[PDB]
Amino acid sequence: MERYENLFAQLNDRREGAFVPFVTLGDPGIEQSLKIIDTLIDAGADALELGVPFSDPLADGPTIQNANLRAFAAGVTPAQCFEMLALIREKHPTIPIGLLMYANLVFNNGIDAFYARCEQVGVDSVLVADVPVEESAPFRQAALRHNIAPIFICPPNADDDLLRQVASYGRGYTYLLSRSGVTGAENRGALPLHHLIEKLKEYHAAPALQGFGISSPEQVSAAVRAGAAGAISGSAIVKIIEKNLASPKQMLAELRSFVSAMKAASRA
């Protein structure tokens, strides 16, 4: 399919950035996770990034470590996550769905088979957090054979060769990393990224989404102003889940308010 291509073209027509939340599938349980995701969409999410619970999420800070742990406490497995993904797609025809994976979950039962299952359930992209461009070949090849966009990371300290590699090999979107370190709302990016954004465009890269430490409307607007196609926010969303575990009602209300405000910040 062309879900990212179609989304970015439509957003371009509206002079609009994309707002893309991340959550962990099955946090804090399958049924509540499904409701969380539908709320994110209803409140204005343009695309989703969805994590499969993994034992060793070594690119994630404590907020998302804890989301993984909550999903495990609820007995969530990769198989159940794929059931969830199938249902999410069955409800929502056009929203791009990206997975955040770790390599072992992709390799476990065969790389090709992993991407074939993604295609079957209607996933649009896969980002494997612990696979750098240098190791990407079997992942990106399997992705493209199954109509899945392989998402590459452009770090702030990217050299020209890396920019050219990410631009060439990637599809869907280019992940524009805000800063070094791991996921977390408590650490805001401190580097201007407009030069990287400009070079990616020169090299015909997939449109850039800025991610890591995005927790506020002003950061969404800043990403758009810098030339990015949009912004991803994970920890700030997951914090709302964590804060409101005892009140599913208040949780959904606060998620809606937050997503609405963040999406508003993307608009022309």
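For the two forms, the rigid core is made up of the largest set of C-alpha atoms that agree within 1.5 Å on superposition. For every residue, the number given is its place in the sequence shown, counted from 1.
Choosing between 228 to 236 and 50 to 58, the greater Cα displacement from the shown form in 8 other deposited structures of this protein, fitted by the core, goes with 50 to 58.
Stretch comparison, 105 to 113 versus 67 to 75: after rigid core superposition, larger RMS CA deviation in 8 other deposited structures of this protein is found for 105 to 113.
In the comparison with other entries of the same protein, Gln141 is given coordinates in all of those covering both sides of it, so it never reaches the one-third threshold. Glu186, present in the displayed chain, goes without coordinates in a third or more of the other PDB entries compared that cover both sides of it. For the pair 239 to 247 and 46 to 54, the mean B factor over Cα atoms is greater in 239 to 247. Higher mean CA temperature factor between 124 to 132 and 82 to 90: 82 to 90, per the PDB entry. Among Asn109, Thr174, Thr183, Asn104, the highest C-alpha B-factor recorded in the PDB entry belongs to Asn109.
Remark: of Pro138, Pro150, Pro192, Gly98, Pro192 shows the highest value [criterion: C-alpha B-factor in the PDB entry].
In the PDB entry, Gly227 places in the highest third of its chain by CA B-factor.
Among the modelled residues of its chain, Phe72 has a C-alpha B-factor that falls in the middle third, as given in the PDB entry.
Remark: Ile64 belongs to the lowest third of its chain, ranked by C-alpha B-factor as recorded. Per the PDB record, residue ranking by Cα B-factor puts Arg179 in the middle third of the chain. Per the deposited record, the Cα B-factor of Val259 falls in the middle third when ranked against the other modelled residues of its chain.
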